[PDB]
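Fold and contact review
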Amino acid sequence: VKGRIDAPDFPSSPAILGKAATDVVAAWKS
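The record lists solution NMR as the method behind this PDB entry.

In structure tokens, the structure reads:
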């Protein structure tokens, strides 16, 4: 189910959303 992946994805949620924002801003240099 989604609950099993939701647990591990919970902590990664803020990491993925936070990295994507800083990744797009920095990618502007490329």
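Having put the structure on the table, let's press on.
Along its length, the protein chain carries one helix and zero strands. Sorting the 30 residues of the protein chain into buried and exposed places 0% on the buried side. Surface exposure of the protein chain reaches about 2,800 Å², of which carbon and sulfur atoms provide 67%.

Attention shifts here to the environment of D6. Assignment of secondary structure puts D6 in helix α1 (residues 2–27). Assessed through its relative accessible area of 29%, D6 is described here as partly exposed. Between the C-alpha atoms of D6 and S30, which are 24 residues apart in sequence, the distance is 33 Å.

Conventions adopted
Residues numbered from 1 in each chain as written, not as in the entry; some residues may be left out. Heavy atoms only, no water. Helix = DSSP H or I, 4+ residues; strand = E, 2+ residues; numbered from the N terminus. Buried < 20%, exposed > 50% of the residue type's maximum accessible area, 1.4 Å probe, protein only. Areas by Shrake-Rupley, 256 points an atom, 1.4 Å probe, with all protein chains shown as cover.

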